[PDB]
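The chains referred to below are lettered A, B, ... by the order of the sequence lines, with proteins before strands, and numbering in each begins at 1.
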Number of protein chains: 2
Amino acid sequence: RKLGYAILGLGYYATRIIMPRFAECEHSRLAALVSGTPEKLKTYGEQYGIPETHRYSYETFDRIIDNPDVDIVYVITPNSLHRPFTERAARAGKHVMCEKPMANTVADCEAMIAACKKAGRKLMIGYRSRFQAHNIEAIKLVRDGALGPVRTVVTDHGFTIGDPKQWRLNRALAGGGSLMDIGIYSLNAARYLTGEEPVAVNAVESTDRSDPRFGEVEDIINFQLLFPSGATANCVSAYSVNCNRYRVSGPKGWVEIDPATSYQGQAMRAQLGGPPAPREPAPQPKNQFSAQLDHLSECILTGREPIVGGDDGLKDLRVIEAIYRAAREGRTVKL
Amino acid sequence: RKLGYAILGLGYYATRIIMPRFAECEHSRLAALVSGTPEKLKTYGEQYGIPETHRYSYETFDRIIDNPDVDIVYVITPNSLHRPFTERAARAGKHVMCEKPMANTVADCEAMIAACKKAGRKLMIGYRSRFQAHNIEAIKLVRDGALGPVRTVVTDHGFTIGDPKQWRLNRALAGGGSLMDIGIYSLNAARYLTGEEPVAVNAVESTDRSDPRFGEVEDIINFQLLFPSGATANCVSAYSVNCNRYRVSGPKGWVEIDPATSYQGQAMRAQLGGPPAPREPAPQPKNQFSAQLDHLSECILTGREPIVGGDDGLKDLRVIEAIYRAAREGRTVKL
Ligand SMILES: NC(=O)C1=CN([C@@H]2O[C@H](COP(=O)(O)OP(=O)(O)OC[C@H]3O[C@@H](n4cnc5c(N)ncnc54)[C@H](OP(=O)(O)O)[C@@H]3O)[C@@H](O)[C@H]2O)C=CC1
Ligand SMILES: NC(=O)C1=CN([C@@H]2O[C@H](COP(=O)(O)OP(=O)(O)OC[C@H]3O[C@@H](n4cnc5c(N)ncnc54)[C@H](OP(=O)(O)O)[C@@H]3O)[C@@H](O)[C@H]2O)C=CC1
Ligand SMILES: OC[C@H]1O[C@@H](O)[C@H](O)[C@@H](O)[C@@H]1O
Ligand SMILES: OC[C@H]1O[C@@H](O)[C@H](O)[C@@H](O)[C@@H]1O
Ligand SMILES: OC[C@H]1O[C@@H](O)[C@H](O)[C@@H](O)[C@@H]1O
């Protein structure tokens, strides 16, 4: 049994990364395309064998309610559009995969969750790293007690963003700067490595407003998290440096991945009672993208809840709001 | 042409690390011993060929003023004793090398600086990393513009401390916990990699007071620094995990060392234009310890100021006070 995906928003991630990876799925198939660019519907419709009956504009998208080949809509648009397309998908009776960050605000996340609940449909956020072999290995090491209690998580995510005109640098479409786009990986990792939710947050922002990229959103916003167990995290979020890594440490040792949450190329090193050494993770059945797609499908087929549901996305936005507030107010924000 | 060192406080660092390294010095020699343990004066005096005329107790130390073979006193005691022995050394007409952290407080550092200034004698703090090959190379890459402007410094220093009864875990002798002893390397590195002084500080403390080690001083205190250029630093200080590293990053690339500030074994990796790759630093004539020793001697011989004078030690204590305050008050402390 394969559930049918409609891919909505035929941009870079949709077309270069996600759509080719239906090849390795076991419970998912590409069934429909939704785009605001007619030429893309032609181009990708022809490449992927999607008939014209299964091609939608944003104007005709609500008609997808009458298409039984579509079980799931995967929303891969700028951040500010996640909420309205998720709600429309839910009202069309479809389950929803929504890219990160879930939405611009806590309230918007709550609205999305309510819409999917009202529709009796599932909602999953695209945290692909939870399906990635090295990340799974790190999480398991922590849970097995190989490090002892988690004491520190040090995680850096950033890239040198380019074109100042792109939607990521536009507040109305992005909802925020580096934290919304790439820093969220540092936050999400601190949460899944500790398995906890933070109770206190510090942050410092640094943005050169004379830079043509940064008239509207932030460049650097680094943050600290404290967790109930006493675990701590130091996190970097940046649009002016390249980094992608984390190290989690406890009294018995530590494990790190660098790059950690990239599309490929993960490398893990660990220090666990002996010397620091490369560590190969247990093999996964398929790549993180196909695994992410199949997870939602399998949840629907078995009546289970996604491991990264709307609530996970909401929990991130809750902390993101606190990070922005901590930097704005120059004080520790309690959660 | 060698200046005479009196080593004061014949503990681990003095006897196992420093004293053997006079061997590679070009302008420094071991001339005297000062100790509160008679057996050590005998043991090390005989081992290093130091005559009884050049052996002092803490009670007879002030007599060192009449010993023309002694040019410099190197104070290698618990932190709370740095100030009185430095002042006594200064009043005995000797130049002073003092171990980090300089003293317990800003006020104590100011007193030490004033005592050496009054005596017309030089004061240097034992920041050996400034003479270590990989560290010099990282500073050079930054200075030469290899990274572009510094945007982030991420640095972690910690070790799993053991015996609860040792002076480092006693507030009266240590002046504080991990930040005084090992976290100061994170701070000092953030300062010499940026070449700047911080203007804002955040901090989070995490200490289990039920742990036998941590009845009096702190375990983890992580901190954030903002610098005037816009550069940022995320720093870890810990007594319950092992770490020793930094990465400094700018728009053009980054460079890291892990271990960064160990006695030996430094390894550098850099990302400059292409994938991260190993980098061998420019070679140094002498190891970091001998180089540190000779630096003070050479400054005295040439009438120049140490690159790590008392004001460097003071600048660290100023930030350390801010870090402790930021963690206590849960707010960004301005400097
Ligand atoms: N999990 C991951 O690893 C990644 C997740 N993402 C997430 O995917 C989403 C899209 O990112 P990416 O694909 O990089 O962005 P792109 O700009 O490359 O594609 C965005 C697409 O959204 C559609 N769109 C609809 N309305 C607008 C609008 N007003 N302005 C611009 N585009 C619009 C367009 O598709 P059409 O022309 O068909 O309308 C556009 O091509 C973001 O939420 C991002 O966070 C991105 C990269 C990686
Ligand atoms: N730069 C570096 O890499 C390092 C710097 N250090 C610094 O060196 C100093 C000492 O560290 P370490 O050598 O590890 O400490 P140790 O405990 O090994 O040596 C401390 C010595 O100081 C003397 N001393 C004087 N008064 C006291 C006292 N009241 N209680 C205990 N000892 C006393 C003793 O020597 P005696 O018996 O001769 O009186 C004792 O052996 C500290 O300031 C530390 O920060 C330490 C390690 C590395
Ligand atoms: O892996 C890095 C990628 O992560 C994505 O979630 C971000 O949206 C992209 O901007 C980034 O390039
Ligand atoms: O990191 C190596 C050493 O650095 C010193 O400055 C600290 O005092 C020691 O406690 C530590 O072992
Ligand atoms: O790491 C730098 C060091 O490498 C050593 O192998 C060389 O002998 C030293 O001359 C040099 O300073």
Quiz item: Out of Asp208(B), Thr152(B), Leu225(B), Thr332(B), which one racks up the most heavy-atom pairs below 4.5 Å with chain A?
Solution: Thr332(B)
Quiz prompt | Option in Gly230(B), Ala203(B), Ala233(B), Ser249(B) with maximal non-hydrogen atom pairs under 4.5 Å from chain A | solution = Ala203(B)
Tell me, out of [options], who's got the most heavy-atom pairs with chain B below 4.5 Å.
options	result
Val204(A), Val333(A), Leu226(A), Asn242(A)	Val204(A)
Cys235(A), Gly158(A), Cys243(A), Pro276(A)	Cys235(A)
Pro149(A), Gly148(A), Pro251(A)	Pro251(A)

Self-check item: Heavy-atom side-chain proximity of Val241(A) to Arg247(B) below 4.5 angstrom
Solution: no
Quiz item: Between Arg151(B) and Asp219(A), is there a salt bridge with N-O shorter than 4.0 Å?
Solution: yes
Quiz item: What part of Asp156(A) is in contact with chain B, defined as an atom under 4.5 angstrom from a non-hydrogen atom: side chain, backbone, both or neither?
Solution: side chain
Exercise. State the CD1-OG1 distance between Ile221(A) and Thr232(B), to the nearest 0.5 angstrom.
Key: 11.0 Å
Exercise. Test side chain to side chain contact (heavy atoms under 4.5 Å, CB included) on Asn234(A) and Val236(B) and set out the steps.
Key: CA-CA 8 Å; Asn234(A) 267 2; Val236(B) 166; 3.7 Å; yes
Self-check item: Which portion of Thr160(B) sits near chain A, non-hydrogen atoms under 4.5 angstrom
Solution: side chain
Quiz item: So which part of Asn202(B) gets closer than 4.5 Å to some heavy atom of chain A, the side chain, the backbone, both or neither?
Solution: both
